[PDB]
file run-v9.tsv (TSV, C-alpha atoms and all ligand atoms)
chain	number	residue	atom	x	y	z
A	1	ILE	CA	-118.06	-32.19	-29.61
A	2	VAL	CA	-117.47	-34.57	-26.70
A	3	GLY	CA	-120.48	-36.27	-25.12
A	4	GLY	CA	-123.09	-34.62	-27.30
A	5	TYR	CA	-125.78	-35.89	-29.65
A	6	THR	CA	-126.37	-36.00	-33.41
A	7	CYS	CA	-128.25	-32.78	-34.20
A	8	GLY	CA	-130.16	-34.03	-37.23
A	9	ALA	CA	-129.91	-32.90	-40.86
A	10	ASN	CA	-130.04	-29.10	-41.20
A	11	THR	CA	-131.53	-28.49	-37.73
A	12	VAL	CA	-128.84	-25.84	-37.10
A	13	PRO	CA	-129.23	-23.77	-40.35
A	14	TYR	CA	-126.72	-21.05	-39.41
A	15	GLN	CA	-123.84	-23.50	-38.87
A	16	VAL	CA	-121.11	-23.34	-41.51
A	17	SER	CA	-117.98	-25.35	-42.32
A	18	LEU	CA	-114.72	-23.64	-43.26
A	19	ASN	CA	-112.93	-25.69	-45.92
A	20	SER	CA	-109.38	-25.43	-47.29
A	21	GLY	CA	-109.23	-28.86	-48.88
A	22	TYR	CA	-110.82	-30.28	-45.71
A	23	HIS	CA	-112.89	-29.08	-42.75
A	24	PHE	CA	-110.74	-27.12	-40.29
A	25	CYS	CA	-113.15	-24.81	-38.39
A	26	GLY	CA	-116.80	-23.88	-37.95
A	27	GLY	CA	-118.57	-20.53	-38.20
A	28	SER	CA	-121.95	-18.76	-38.14
A	29	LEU	CA	-123.94	-17.06	-40.90
A	30	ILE	CA	-125.16	-13.66	-39.65
A	31	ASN	CA	-126.63	-12.48	-42.97
A	32	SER	CA	-126.73	-13.48	-46.65
A	33	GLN	CA	-123.12	-12.46	-47.26
A	34	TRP	CA	-121.21	-12.52	-43.96
A	35	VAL	CA	-119.79	-15.19	-41.65
A	36	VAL	CA	-118.35	-14.88	-38.14
A	37	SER	CA	-115.69	-17.30	-36.86
A	38	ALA	CA	-112.63	-17.27	-34.60
A	39	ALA	CA	-109.55	-15.25	-35.50
A	40	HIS	CA	-107.33	-18.23	-34.73
A	41	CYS	CA	-109.08	-20.03	-37.62
A	42	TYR	CA	-107.68	-17.48	-40.06
A	43	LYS	CA	-106.22	-18.88	-43.24
A	44	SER	CA	-105.91	-17.93	-46.91
A	45	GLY	CA	-107.97	-19.71	-49.56
A	46	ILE	CA	-111.07	-20.36	-47.47
A	47	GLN	CA	-114.23	-21.84	-48.97
A	48	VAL	CA	-117.44	-21.58	-46.97
A	49	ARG	CA	-119.84	-24.54	-47.07
A	50	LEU	CA	-123.47	-23.91	-46.03
A	51	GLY	CA	-126.41	-26.31	-45.72
A	52	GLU	CA	-124.05	-29.05	-44.56
A	53	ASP	CA	-124.72	-32.13	-42.43
A	54	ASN	CA	-122.51	-35.00	-43.57
A	55	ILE	CA	-119.40	-33.10	-44.69
A	56	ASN	CA	-118.09	-36.03	-46.78
A	57	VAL	CA	-121.24	-36.60	-48.86
A	58	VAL	CA	-123.10	-34.20	-51.16
A	59	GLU	CA	-126.65	-34.54	-49.86
A	60	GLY	CA	-128.37	-31.81	-51.86
A	61	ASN	CA	-128.77	-28.69	-49.71
A	62	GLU	CA	-125.20	-27.43	-49.74
A	63	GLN	CA	-123.95	-24.09	-51.04
A	64	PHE	CA	-120.19	-23.72	-51.54
A	65	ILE	CA	-119.06	-20.09	-51.66
A	66	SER	CA	-115.53	-18.67	-51.79
A	67	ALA	CA	-114.49	-15.91	-49.41
A	68	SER	CA	-113.55	-12.55	-50.91
A	69	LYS	CA	-112.28	-10.82	-47.79
A	70	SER	CA	-111.30	-11.84	-44.25
A	71	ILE	CA	-111.13	-9.42	-41.33
A	72	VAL	CA	-109.45	-10.48	-38.12
A	73	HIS	CA	-110.35	-8.30	-35.13
A	74	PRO	CA	-108.00	-5.31	-34.78
A	75	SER	CA	-106.95	-6.30	-31.25
A	76	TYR	CA	-106.60	-10.08	-31.59
A	77	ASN	CA	-103.77	-11.50	-29.48
A	78	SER	CA	-102.79	-14.97	-30.69
A	79	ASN	CA	-100.90	-15.63	-27.44
A	80	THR	CA	-103.84	-15.08	-25.08
A	81	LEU	CA	-106.59	-15.50	-27.68
A	82	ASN	CA	-108.20	-12.27	-26.42
A	83	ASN	CA	-110.57	-10.83	-29.07
A	84	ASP	CA	-110.67	-14.21	-30.86
A	85	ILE	CA	-113.21	-13.18	-33.51
A	86	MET	CA	-113.03	-12.78	-37.29
A	87	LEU	CA	-115.37	-11.75	-40.13
A	88	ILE	CA	-115.57	-13.42	-43.53
A	89	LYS	CA	-117.33	-11.92	-46.52
A	90	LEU	CA	-118.64	-14.27	-49.22
A	91	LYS	CA	-117.96	-13.59	-52.93
A	92	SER	CA	-121.69	-13.73	-53.58
A	93	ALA	CA	-124.77	-13.71	-51.37
A	94	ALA	CA	-126.11	-17.07	-50.24
A	95	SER	CA	-129.68	-18.16	-50.97
A	96	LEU	CA	-131.45	-18.14	-47.62
A	97	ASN	CA	-134.07	-20.82	-46.95
A	98	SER	CA	-135.15	-23.39	-44.35
A	99	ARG	CA	-131.81	-25.21	-44.37
A	100	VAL	CA	-129.61	-22.13	-44.80
A	101	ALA	CA	-130.50	-19.29	-42.44
A	102	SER	CA	-128.80	-16.53	-40.47
A	103	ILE	CA	-128.62	-16.18	-36.69
A	104	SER	CA	-129.27	-12.84	-34.98
A	105	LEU	CA	-126.69	-10.88	-33.01
A	106	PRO	CA	-127.41	-10.22	-29.31
A	107	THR	CA	-128.72	-6.96	-27.83
A	108	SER	CA	-127.71	-7.99	-24.31
A	109	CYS	CA	-125.20	-10.45	-22.84
A	110	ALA	CA	-126.46	-13.88	-21.74
A	111	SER	CA	-126.31	-14.66	-18.01
A	112	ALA	CA	-124.85	-17.42	-15.84
A	113	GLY	CA	-126.99	-20.54	-15.68
A	114	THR	CA	-128.50	-19.92	-19.11
A	115	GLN	CA	-128.69	-23.05	-21.28
A	116	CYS	CA	-127.10	-22.76	-24.74
A	117	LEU	CA	-126.58	-24.82	-27.88
A	118	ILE	CA	-123.05	-25.57	-29.06
A	119	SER	CA	-122.36	-27.45	-32.29
A	120	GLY	CA	-119.62	-28.59	-34.67
A	121	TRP	CA	-117.84	-31.37	-36.57
A	122	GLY	CA	-115.00	-31.57	-34.03
A	123	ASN	CA	-113.34	-34.48	-32.22
A	124	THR	CA	-115.71	-36.60	-30.11
A	125	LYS	CA	-113.14	-38.15	-27.76
A	126	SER	CA	-111.61	-36.59	-24.63
A	127	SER	CA	-108.73	-39.05	-25.04
A	128	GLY	CA	-107.51	-39.98	-28.49
A	129	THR	CA	-109.26	-38.99	-31.71
A	130	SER	CA	-112.48	-39.70	-33.60
A	131	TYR	CA	-113.99	-37.23	-36.07
A	132	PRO	CA	-117.69	-37.50	-37.02
A	133	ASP	CA	-119.03	-36.88	-40.52
A	134	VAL	CA	-122.35	-35.46	-39.33
A	135	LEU	CA	-123.05	-32.39	-37.17
A	136	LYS	CA	-123.01	-32.96	-33.39
A	137	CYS	CA	-124.90	-30.90	-30.79
A	138	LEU	CA	-124.49	-30.17	-27.07
A	139	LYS	CA	-126.56	-28.38	-24.40
A	140	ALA	CA	-124.38	-26.49	-21.92
A	141	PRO	CA	-124.95	-23.73	-19.35
A	142	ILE	CA	-122.97	-20.52	-19.05
A	143	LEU	CA	-120.87	-20.62	-15.87
A	144	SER	CA	-120.13	-17.71	-13.54
A	145	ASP	CA	-116.70	-16.15	-13.99
A	146	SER	CA	-115.53	-16.73	-10.41
A	147	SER	CA	-116.61	-20.37	-10.40
A	148	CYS	CA	-114.71	-20.86	-13.64
A	149	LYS	CA	-111.45	-19.28	-12.51
A	150	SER	CA	-111.64	-21.08	-9.16
A	151	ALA	CA	-111.98	-24.52	-10.72
A	152	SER	CA	-109.84	-24.17	-13.86
A	153	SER	CA	-107.27	-21.52	-12.85
A	154	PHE	CA	-107.78	-20.20	-16.39
A	155	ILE	CA	-106.89	-16.54	-17.00
A	156	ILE	CA	-110.07	-15.18	-18.55
A	157	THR	CA	-110.51	-11.68	-19.96
A	158	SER	CA	-113.77	-9.73	-19.96
A	159	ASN	CA	-114.11	-10.79	-23.62
A	160	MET	CA	-114.42	-14.48	-22.71
A	161	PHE	CA	-116.87	-16.67	-20.78
A	162	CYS	CA	-116.96	-20.30	-19.71
A	163	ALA	CA	-119.70	-22.78	-20.51
A	164	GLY	CA	-119.95	-26.49	-19.79
A	165	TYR	CA	-119.71	-28.87	-16.87
A	166	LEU	CA	-117.08	-28.79	-14.14
A	167	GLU	CA	-117.68	-32.53	-13.78
A	168	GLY	CA	-116.25	-33.00	-17.27
A	169	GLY	CA	-117.51	-35.47	-19.88
A	170	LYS	CA	-119.23	-32.89	-22.11
A	171	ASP	CA	-117.44	-30.12	-23.97
A	172	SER	CA	-116.47	-28.75	-27.39
A	173	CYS	CA	-113.15	-29.91	-28.85
A	174	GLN	CA	-110.51	-29.75	-31.61
A	175	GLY	CA	-112.25	-28.87	-34.87
A	176	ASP	CA	-115.25	-27.13	-33.29
A	177	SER	CA	-113.34	-23.83	-33.15
A	178	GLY	CA	-115.06	-20.87	-34.79
A	179	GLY	CA	-118.42	-22.52	-34.23
A	180	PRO	CA	-121.59	-21.06	-32.61
A	181	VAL	CA	-122.84	-20.89	-29.02
A	182	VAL	CA	-126.52	-19.95	-29.17
A	183	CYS	CA	-128.51	-18.86	-26.11
A	184	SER	CA	-132.01	-17.37	-26.06
A	185	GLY	CA	-132.09	-17.58	-29.87
A	186	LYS	CA	-129.07	-15.33	-30.48
A	187	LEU	CA	-125.36	-15.87	-31.14
A	188	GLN	CA	-123.67	-15.39	-27.75
A	189	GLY	CA	-120.32	-17.12	-28.20
A	190	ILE	CA	-117.68	-18.54	-30.54
A	191	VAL	CA	-115.82	-21.77	-29.74
A	192	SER	CA	-112.38	-20.38	-28.83
A	193	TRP	CA	-110.21	-22.48	-26.51
A	194	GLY	CA	-109.75	-24.95	-23.69
A	195	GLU	CA	-107.31	-27.31	-21.96
A	196	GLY	CA	-107.76	-30.73	-23.48
A	197	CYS	CA	-111.44	-31.67	-23.87
A	198	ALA	CA	-114.14	-32.64	-21.39
A	199	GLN	CA	-111.54	-32.71	-18.60
A	200	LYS	CA	-112.79	-32.26	-15.04
A	201	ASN	CA	-112.66	-28.65	-13.81
A	202	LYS	CA	-111.52	-27.60	-17.28
A	203	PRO	CA	-114.60	-26.20	-19.12
A	204	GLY	CA	-114.58	-24.59	-22.55
A	205	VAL	CA	-113.80	-20.91	-23.11
A	206	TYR	CA	-115.74	-18.83	-25.62
A	207	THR	CA	-115.54	-15.38	-27.17
A	208	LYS	CA	-118.21	-13.09	-25.67
A	209	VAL	CA	-119.97	-11.83	-28.81
A	210	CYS	CA	-122.20	-9.29	-27.07
A	211	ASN	CA	-119.09	-7.12	-26.65
A	212	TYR	CA	-118.46	-7.06	-30.41
A	213	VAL	CA	-121.85	-6.19	-31.91
A	214	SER	CA	-120.87	-2.56	-32.53
A	215	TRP	CA	-117.64	-3.54	-34.32
A	216	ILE	CA	-119.45	-6.13	-36.45
A	217	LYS	CA	-122.21	-3.77	-37.56
A	218	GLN	CA	-119.82	-0.95	-38.46
A	219	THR	CA	-117.54	-3.29	-40.40
A	220	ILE	CA	-120.37	-4.92	-42.34
A	221	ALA	CA	-122.05	-1.63	-43.25
A	222	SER	CA	-118.82	-0.46	-44.84
A	223	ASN	CA	-117.40	-3.58	-46.51
B	301	LIG	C1	-105.57	-28.41	-29.88
B	301	LIG	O1	-106.00	-29.72	-29.33
B	301	LIG	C2	-107.04	-29.95	-28.36
B	301	LIG	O2	-107.33	-31.09	-27.96
B	301	LIG	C3	-107.85	-28.70	-27.77
B	301	LIG	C4	-108.84	-28.17	-28.82
B	301	LIG	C5	-109.98	-27.29	-28.33
B	301	LIG	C6	-110.36	-26.17	-29.10
B	301	LIG	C7	-111.42	-25.32	-28.69
B	301	LIG	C8	-112.11	-25.59	-27.49
B	301	LIG	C9	-111.78	-26.73	-26.64
B	301	LIG	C10	-112.48	-26.99	-25.45
B	301	LIG	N1	-111.99	-27.60	-24.38
B	301	LIG	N2	-113.76	-26.66	-25.24
B	301	LIG	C11	-110.69	-27.58	-27.10
B	301	LIG	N3	-107.01	-27.57	-27.26
B	301	LIG	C12	-106.13	-27.68	-26.26
B	301	LIG	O3	-106.03	-28.67	-25.53
B	301	LIG	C13	-105.21	-26.50	-26.02
B	301	LIG	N4	-104.74	-26.37	-24.62
B	301	LIG	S1	-103.12	-26.61	-24.25
B	301	LIG	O4	-103.03	-26.74	-22.68
B	301	LIG	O5	-102.76	-27.93	-25.02
B	301	LIG	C14	-102.20	-25.30	-24.90
B	301	LIG	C15	-102.07	-24.06	-24.18
B	301	LIG	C16	-101.29	-23.01	-24.77
B	301	LIG	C17	-100.68	-23.22	-26.06
B	301	LIG	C18	-99.87	-22.18	-26.71
B	301	LIG	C19	-100.84	-24.46	-26.75
B	301	LIG	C20	-101.59	-25.50	-26.18
B	302	CA	CA	-122.67	-32.61	-47.52

call {"tool": "encode", "arguments": {"input": "run-v9.tsv", "output": "structure tokens"}}
result
Amino acid sequence: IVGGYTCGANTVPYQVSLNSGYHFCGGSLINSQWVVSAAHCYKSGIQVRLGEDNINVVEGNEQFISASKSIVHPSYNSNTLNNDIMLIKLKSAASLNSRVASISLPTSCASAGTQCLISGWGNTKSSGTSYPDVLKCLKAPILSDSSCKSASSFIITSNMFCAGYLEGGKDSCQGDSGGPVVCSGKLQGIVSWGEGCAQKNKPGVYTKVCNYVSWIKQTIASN
């Protein structure tokens, strides 16, 4: 997260860390046994860490659970990152509480100008590198599709949306991928891609979750 603020211990209870010997992507807990992340975060031997704040220090509210099955979206295109969404099922159900809680799926798609919460343990520098140990947060509004294309020249699909500031300075970054974008109390996006970080006229691009609710529900009810 570039230009954000320290969230505060366990203030984002649905935020998860994907670990394969080290943190490599974020994700969101949608129920006691399922996690949603980005398909480009796919990897074998994934361990899900819940209740995390400082990812390098056992603080007491963590739950480390191995994944038993990973399901990348059937139409994921790694070249364009269209349909950049993936489902991860935990070996055993997590114990839900104040510090470990699920986030609800949307019933409608968020609209332009809506303020959302983006979070992750990603890089905090637009130039160079600096990775934080604690969870960072950022408030950012959804942008209109035309305004996004006009300024960035990005080729967006109907399964993506832009959020951030055309002025630059604030944005998600390397390592935040797979993480949550929450608006109106529901999971509306997944950190997917961008061009550099916090660059002017180059806002972040996120997977539009409201288009995948049906797929998610059907997959979870049968796996
Ligand atoms: C990979 O290194 C980076 O600094 C960022 C990471 C990132 C990830 C998710 C969201 C954001 C964000 N801005 N909100 C940033 N991505 C890039 O800079 C990738 N763009 S790119 O122009 O470098 C590029 C384009 C196409 C290919 C095949 C490879 C690389
Ligand atoms: Ca910890």

call {"tool": "residues_near_ligand", "arguments": {"input": "run-v9.tsv", "ligand": "ligand CA 302 (chain B)", "cutoff": "9 Å", "atoms": "all atoms listed in the file", "output": "PyMOL selection string"}}
result
chain A and resi 49-62+133-134

call {"tool": "residues_around", "arguments": {"input": "run-v9.tsv", "residues": "region 158-161 of chain A", "least_positions_apart": "2", "cutoff": "6 Å", "atoms": "only C-alpha atoms", "output": "number ranges by chain"}}
result
A: 205-208

call {"tool": "residues_near_ligand", "arguments": {"input": "run-v9.tsv", "ligand": "ligand LIG 301 (chain B)", "cutoff": "6 Å", "atoms": "all atoms listed in the file", "output": "VMD selection string"}}
result
chain A and resid 171 to 174 177 191 to 197 204

call {"tool": "closest_atom_pairs", "arguments": {"input": "run-v9.tsv", "of": "region 57-132 of chain A", "to": "region 18-21 of chain A", "cutoff": "12 Å", "atoms": "all atoms listed in the file", "output": "JSON lines"}}
result
{"residue": "A:64", "atom": "CA", "partner": "A:19", "partner_atom": "CA", "distance": 9.4}
{"residue": "A:65", "atom": "CA", "partner": "A:19", "partner_atom": "CA", "distance": 10.1}
{"residue": "A:66", "atom": "CA", "partner": "A:19", "partner_atom": "CA", "distance": 9.5}
{"residue": "A:67", "atom": "CA", "partner": "A:18", "partner_atom": "CA", "distance": 9.9}
{"residue": "A:88", "atom": "CA", "partner": "A:18", "partner_atom": "CA", "distance": 10.3}
{"residue": "A:90", "atom": "CA", "partner": "A:18", "partner_atom": "CA", "distance": 11.8}
{"residue": "A:120", "atom": "CA", "partner": "A:18", "partner_atom": "CA", "distance": 11.1}
{"residue": "A:121", "atom": "CA", "partner": "A:18", "partner_atom": "CA", "distance": 10.7}

call {"tool": "closest_residue", "arguments": {"input": "run-v9.tsv", "among": "A:41, A:209, A:136, A:169", "to": "residue 118 (chain A)", "atoms": "all atoms listed in the file"}}
result
A:136

call {"tool": "atom_distance", "arguments": {"input": "run-v9.tsv", "atom1": "CA of residue 203 (chain A)", "atom2": "CA of residue 168 (chain A)"}}
result
7.2 Å

call {"tool": "closest_residue", "arguments": {"input": "run-v9.tsv", "among": "A:87, A:72, A:48, A:16", "to": "residue 216 (chain A)", "atoms": "all atoms listed in the file"}}
result
A:87

call {"tool": "atom_distance", "arguments": {"input": "run-v9.tsv", "atom1": "CA of residue 179 (chain A)", "atom2": "CA of residue 14 (chain A)"}}
result
9.9 Å

call {"tool": "atom_distance", "arguments": {"input": "run-v9.tsv", "atom1": "CA of residue 162 (chain A)", "atom2": "CA of residue 25 (chain A)"}}
result
19.6 Å

call {"tool": "closest_residue", "arguments": {"input": "run-v9.tsv", "among": "A:45, A:13, A:175, A:180", "to": "residue 124 (chain A)", "atoms": "only C-alpha atoms"}}
result
A:175

call {"tool": "closest_residue", "arguments": {"input": "run-v9.tsv", "among": "A:29, A:135, A:108, A:128", "to": "residue 10 (chain A)", "atoms": "all atoms listed in the file"}}
result
A:135

call {"tool": "closest_residue", "arguments": {"input": "run-v9.tsv", "among": "A:35, A:215, A:127, A:91", "to": "residue 73 (chain A)", "atoms": "only C-alpha atoms"}}
result
A:215

call {"tool": "closest_residue", "arguments": {"input": "run-v9.tsv", "among": "A:220, A:109, A:213, A:151", "to": "residue 188 (chain A)", "atoms": "all atoms listed in the file"}}
result
A:109

call {"tool": "residues_around", "arguments": {"input": "run-v9.tsv", "residues": "residue 137 (chain A)", "least_positions_apart": "5", "cutoff": "8 Å", "atoms": "only C-alpha atoms", "output": "VMD selection string"}}
result
chain A and resid 1 4 to 7 117 to 120
